[PDB]
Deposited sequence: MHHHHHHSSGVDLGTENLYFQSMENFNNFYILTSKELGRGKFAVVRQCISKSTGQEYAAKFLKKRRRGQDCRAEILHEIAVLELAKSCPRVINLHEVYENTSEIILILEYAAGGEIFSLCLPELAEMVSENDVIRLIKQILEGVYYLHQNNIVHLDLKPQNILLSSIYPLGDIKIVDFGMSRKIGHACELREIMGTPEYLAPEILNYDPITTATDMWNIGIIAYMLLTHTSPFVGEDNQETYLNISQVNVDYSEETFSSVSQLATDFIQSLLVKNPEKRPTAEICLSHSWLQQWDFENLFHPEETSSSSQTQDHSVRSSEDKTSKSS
């Protein structure tokens, strides 16, 4: 195989990797790097071309294309450069220093996340997903581990990441929409199901569908058995609840679009610093 992207020699000439490993999966590792010229931080995502027997460069070219297509959306992580060596294609990506919104869903870090912030984070997530769906891209992997923050002290803006599952219109079980369990075709509605889960997790600090075992998880999804008890929802507003209950519905056709969701009353808010005109 001949290499397409810039050489590894250039990569090591222009960047230095740091000791902060940001993530590791079976065929991918992300590490922070720093430009030697400007000192600006990036995330270098190293993706193996060969997986489970399969030459996967084409699939990697597809993900690069999708990131490029979404370059103008500030809600989607920016792709700055690409390099390649014998086994890896390396993505130089915008650094999101706030880490994952999943961190804000753990009972640990949850007396520091107001209602205003959840409303704003969900609004931003919907703007990015609207932009993607307008372009016929369904993300298909919008777990809270895949939405980053530009900062957390203070709370910054959301960056959607990991387009490896992206398509035109069997992962972590608890985040799988029911239509995926039933093999139905890909729909924009699947991302909307996942937006329901993120709202549910930011607001309750619990997983809506996880069970003791995968078997129970799958039954929870296919039956849409979600806890909406007063214990879990005593400090969650009705409008937020309405938002979630409209997205977490079995029939994908009955879920509202991103567009309709952006007009939801839960998210209509006046910034009190501004002068309102009646």
| property | result |
| --- | --- |
| Non-modelled portions of the deposited polymer sequence, in sequence order | 1-15, 185-193, 303-327 |
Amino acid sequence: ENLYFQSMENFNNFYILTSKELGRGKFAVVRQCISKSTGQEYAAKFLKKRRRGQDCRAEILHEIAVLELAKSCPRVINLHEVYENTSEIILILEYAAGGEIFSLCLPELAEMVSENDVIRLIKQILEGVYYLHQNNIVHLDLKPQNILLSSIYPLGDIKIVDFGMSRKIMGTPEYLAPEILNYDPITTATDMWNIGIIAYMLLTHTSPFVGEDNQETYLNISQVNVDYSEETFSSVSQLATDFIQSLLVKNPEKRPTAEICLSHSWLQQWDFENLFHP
From here on, numbers count along this sequence of modelled residues.
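Between two forms, the rigid core is defined as the largest C-alpha subset superposing within 1.5 Å.
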property	result
Between stretches 87-95 and 112-120, more displaced by Cα RMS in 8 other deposited structures of this protein (rigid core superposition)	112-120
Stretch with the higher entry mean CA B-factor, where the candidates are 105-113 and 198-206	105-113
Entry-level comparison of average CA B-factors, 96-104 and 178-186, reporting the higher stretch	178-186
C-alpha B-factor winner, where the candidates are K49, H62, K250, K36	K250
Per the PDB entry, maximal CA B factor within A44, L239, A58, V226	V226
Entry-reported Cα temperature factor of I169, expressed as the chain third it lands in	highest
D141 CA temperature factor, ranked by third within the chain	middle
Lowest, middle or highest third - CA B-factor, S265	lowest
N135 CA temperature factor, ranked by third within the chain	middle
Assigned third (lowest, middle, highest) for the C-alpha B factor of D157	highest
